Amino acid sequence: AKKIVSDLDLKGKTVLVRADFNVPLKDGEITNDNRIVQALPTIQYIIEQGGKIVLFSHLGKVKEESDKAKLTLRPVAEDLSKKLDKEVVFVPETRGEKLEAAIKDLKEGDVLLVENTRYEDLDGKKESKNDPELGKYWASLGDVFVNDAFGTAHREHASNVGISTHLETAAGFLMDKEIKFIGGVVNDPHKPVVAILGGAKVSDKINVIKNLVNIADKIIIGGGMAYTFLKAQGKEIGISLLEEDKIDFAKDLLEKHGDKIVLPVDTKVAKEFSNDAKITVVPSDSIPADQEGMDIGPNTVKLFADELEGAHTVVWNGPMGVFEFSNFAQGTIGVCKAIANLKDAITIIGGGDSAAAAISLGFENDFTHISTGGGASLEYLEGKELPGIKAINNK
């Protein structure tokens, strides 16, 4: 359905490219070049086709004047030069004569990087609120647009929807996998589909549950959000976090979709919120009054893993316990391993917390798809039509 960069006539064209260069900084030093590594194939491909590259990205959150200096894109242009073993031209303006002239001087294969798109947010939040003038102005600097930034696809900015309204628009190779796999879940899934939901808050996951409940055969629930559901079933949960205003939603979900919903059968509890606390492993029916459910138990890890067998798609969104603590990490590790182990199934990670956990665990290569867009991937799963995607042309 969507136009991809490899569908365009690029040669001799000035190609505007929205790339995700929002990389981790420290004193203005790149601590993790991974978003740059990943942006590479779209760029290298446009170089091969003899395009003239003009790159746009945002970097951090620009609220006031003193935020600018640590959020310049100069360090990205320099890193991108090393990676490309070719010099990227960096212009430290978001518009004007010097920018315009440098764009015109580009020959085929040349790569230029425009300063932080969120410098435009200082006077009027123009980038972030998609000012009509800014989108049109940026679009007028080139012949075609490639949006390779899934991470901002759920939001309407000058740097995505803005440029897209003025120019033929295609997905980059990165944007395209996110559409293929995440969009695939919602539009034409490889059934059976199993969703694993985690994290601390029921709240955060209510909309994904309402959409996924008619697509998935099973919704597996762990992490802190699970204890509310247990409570909804009449169990005591101790001092585990509870969202009382989400009990009716839980009770009714269980009534409408009973066995579809798979919950923990044991839990690791502790009296104190600390990696050094005495942990005890109990059945779900014997959570102590003074204790807090901080990880799923070993029987649950096993049960959750068994519940995957036969699935042709698994979507995972959320840690199974307090993953930040070594001794409460096993539940997430175990479920992560089960999904990476599962043969003949598309396996998808949505959510920043799950993506980081899997990556730090050694598992990046063992999942069919680990999304690059924390907030975006979830909204996409919720069945929202992301504005950055709507604005890419169909093929």
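Residue positions are given as counts along the sequence shown, with the first one as 1.
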remark   = For 32-40 versus 329-337, entry-based mean Cα B-factors point to 32-40
request  = Averaging the C-alpha B factors as listed in the entry, name the stretch that ends up higher: 81-89 or 173-181.
outcome  = 81-89
note = Looking only at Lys218, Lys136, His154, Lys126, the Cα with the top B-factor belongs to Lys126
query = Among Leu141, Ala289, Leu112, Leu71, which carries the highest Cα B-factor?
reply = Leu71
task = For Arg18, return the chain-relative third of its C-alpha B-factor as stated in the PDB record: lowest, middle or highest.
result = lowest
key: Ranked C-alpha temperature factor of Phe363 among modelled chain residues, by third   = highest
remark   = Split the chain's modelled residues into thirds by Cα B-factor; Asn214 lands in the highest
request  = Just say lowest, middle or highest third for the CA B-factor of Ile53 relative to the other modelled residues in its chain.
outcome  = lowest
task = Within this chain's modelled residues, let me know which third the CA B factor of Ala1 belongs to: lowest, middle or highest.
result = highest
